[PDB]
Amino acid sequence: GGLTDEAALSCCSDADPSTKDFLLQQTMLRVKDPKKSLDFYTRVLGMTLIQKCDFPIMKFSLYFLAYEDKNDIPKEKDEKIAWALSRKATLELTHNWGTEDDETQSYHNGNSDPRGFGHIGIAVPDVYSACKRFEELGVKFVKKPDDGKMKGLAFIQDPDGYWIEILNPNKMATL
């Protein structure tokens, strides 16, 4: 069975003062091809590339994507890193160099064995108009808004096959 509301609450503690000012900053996903992923997250989902970091010795790049106004990106290099890495709710895309040329390589989306991570989710004003546009742009759907039991909730996928929930918090079905 599931936990009762009371049982859940008994497992929770109040925020220790040392965790003052902690924020949830990033979620990292590995991406096979950064060209494809950048196009998807910026053109399809409307996110902005706020920081790109390269590490030539270690042969990887990090791309930080966020719902931020491109005009708020600082001009100076050091000021830019501090700003981008202090934004709430960023997506960190990791490019291990060479993966895009390896035909036998792909990443795993966590939705088949072995499972773990499931999805990121984007809150939108209207699930139907958002998905209508996704269809016109040829986006791959795991679940269209009105497919199955739960109406008004969708799952799409990115170029690596990671699932992205599309939800309207104002129009969630009753529990």
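Residue indices: 1-based, along the sequence shown.
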Worksheet item: Mean C-alpha B-factor higher for 3-11, or for 166-174?
Response: 166-174
Worksheet item: Which is higher in the entry, the mean Cα B factor of 29-37 or that of 109-117?
Response: 109-117
Worksheet item: Highest Cα B-factor in the deposition, which of 144, 140, 70, 43?
Response: 70
Response to the item:
The third of the chain into which the C-alpha temperature factor of residue 90 falls is the lowest
Discussion item. What third of the chain does residue 63 rank in for C-alpha temperature factor, lowest, middle or highest?
Written reply: lowest
